[PDB]
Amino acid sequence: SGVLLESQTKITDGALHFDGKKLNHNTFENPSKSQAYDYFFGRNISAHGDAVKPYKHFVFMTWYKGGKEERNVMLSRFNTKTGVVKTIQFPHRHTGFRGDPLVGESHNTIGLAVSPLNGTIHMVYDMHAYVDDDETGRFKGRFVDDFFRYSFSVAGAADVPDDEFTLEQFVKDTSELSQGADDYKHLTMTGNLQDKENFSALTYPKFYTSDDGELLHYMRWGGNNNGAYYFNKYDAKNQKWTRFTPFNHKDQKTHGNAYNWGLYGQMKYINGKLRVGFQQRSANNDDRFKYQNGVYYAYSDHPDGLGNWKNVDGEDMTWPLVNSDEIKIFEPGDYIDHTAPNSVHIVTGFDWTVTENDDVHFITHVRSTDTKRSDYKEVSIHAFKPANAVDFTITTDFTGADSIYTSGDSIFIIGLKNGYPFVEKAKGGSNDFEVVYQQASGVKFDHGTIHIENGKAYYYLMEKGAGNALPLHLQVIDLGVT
């Protein structure tokens, strides 16, 4: 195997977690004012999203400060050599469901990146499709001049001594729209407010580092049955980003398609190209799929993703994409023989990776919408195309997972089981998964987030416990490919 725990370090005793109750449309206007922290989606907000990045001999981590009454954006640097954690406290505090800080909002992660070219640090945080609106709006004017939230540092900050690793390394908002002497939140990544609408109504900050050390970023517009992915790139020389560019048109029915669709999956810079892989949700509510259908995959030969997009068979893709049929690989719907409207349930279980070796892997899951029907069916699916194969191998001999990773010659399932990290390892282009690592004692974890770098897994975890201020740990797990 070669798989084992290289280090566990405690980052803090007190990160934010929603320990209260789940509200809904009927109760979100009356949240608990007591000790407990109520929430509208999920309880997870710390050790969640793109919140962990290695840089040289450091690991950088983002989290929200624990205490329902605290909620500060935080940035820690861990020196893996000295063992020193040095933390920067930002003024911005979690603003909650539609800007009510009494209702926890699990979408509102702190995405993190460090430029290897100039040592700048970037954070995009606390965002769920916000826009400028008024008292009559869904957001009740709470996001005016603050609907996109970007913090960034001067060149060389990632590398300064611990003493110098302070807020004073981060660039304040001194724009005409500045909210004042403590405002560290930029409304554009371009540094030109002329561009603010291009940064409007976005969610899920995610960063990548190109093979030549360029930072890429993408976020998601829309939801449900009408969405688009938008991506941009860091101009290290001019210390600014480009405007967002679409992968696909939103409102696909107005751009020539038969229906609107949403995307469920991810864009990933993997094996030297910007690529994407997802399941769509069509606005068609009379077909057999209640939610998602299909698997879709494309890649760009352009360094920045600005065109030259191809499907898996190397066929030129219409860009921005309108018709999801151009890049469809297979239909998980084929693996269940229900015909009735809304009978096929595809939501959980999807992810995808491309190995260094160009082995293309997709995991999904499909069940009957109706769990009580006599002829019920549930199946997990691994679809993979080995580097030098014609077609996909598609198997139900698979127990399912929420994520898939790759390092060196191999693919991995990494997750929690009864509170303890496990690794499953298989050769790229195979379905031969084996458990090769299982932690079996010590404090247990509630949740976390994985980043793969240097043939290791950085597992950024929140420890199990009661209340809204809980410890964060970082595990470095060698994956045995190195």
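All residue numbers are counted from 1 along the displayed sequence.
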Higher avg CA temperature factor (157-165 vs 354-362, as deposited) belongs to 157-165
Mean Cα B-factor comparison, 192-200 or 383-391, giving the higher one as deposited
383-391
Just grab whichever of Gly111, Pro246, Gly262, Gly408 has the top CA B-factor as deposited.
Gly408
Just the C-alpha B-factor column, please: which of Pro421, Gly448, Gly442, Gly67 has the biggest number?
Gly67
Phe139: which third of its chain by C-alpha temperature factor?
highest
Place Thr371 in the lowest, middle or highest third of its chain's C-alpha B-factors, as listed in the PDB entry.
highest
Rank-wise, by C-alpha B-factor, drop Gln179 into the lowest, middle or highest third of its chain.
highest
Thinking about Cα B factors across the chain, which third does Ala36 belong to?
highest
Based on the entry's values, in what third of the chain does the Cα temperature factor of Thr27 lie: lowest, middle or highest?
highest
